[PDB]
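> First the structure, which I've put down as structure tokens, then a few questions once you've had a look.
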Amino acid sequence: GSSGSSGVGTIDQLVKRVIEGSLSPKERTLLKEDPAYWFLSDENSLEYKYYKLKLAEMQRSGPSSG
């Protein structure tokens, strides 16, 4: 990229990772140490509404559970 706006674009991708595990276990924790994932701590936001949502749907749909 270069610049502009950001509409829940990163999360949509990030989540997928933590789901498929494509990303190491430590990397996740590091995400919080990054500014791009500031909403992480926040809850009354939109960017955070995905990481928690997209994850709930991505977690249930896919691997065995039930």
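Just so it is clear, none of the values below were taken in a lab; they were calculated from the coordinates. No Cβ is skipped: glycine too gets one built from the backbone with ideal geometry, and neighbour counts run over all protein chains shown.
> Yes or no: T29 among the hydroxyl-bearing types (S, T, Y) and touching a residue at least 12 places away in the same chain (Cβ under 8 Å)? Give the derivation first.
Values: among the hydroxyl-bearing types (S, T, Y): yes; touching a residue at least 12 places away in the same chain (Cβ under 8 Å): no.
Criteria not met by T29.
> Filter region 7-42 down to the residues that are among the aromatic types (F, W, Y) and crowded, with 16+ Cβ neighbours inside 10 Å, then identify the one that is farthest from the chain's Cα centre (by Cα).
Across region 7-42, the extreme among qualifying residues is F39.
> Something else about it: Go through region 1-45 and give me each residue that's more than 19 Å from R60 (Cα to Cα), among the hydrophobic types (A, V, I, L, M, F, W, C) and part of a helix (DSSP H, G or I).
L30, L31, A36
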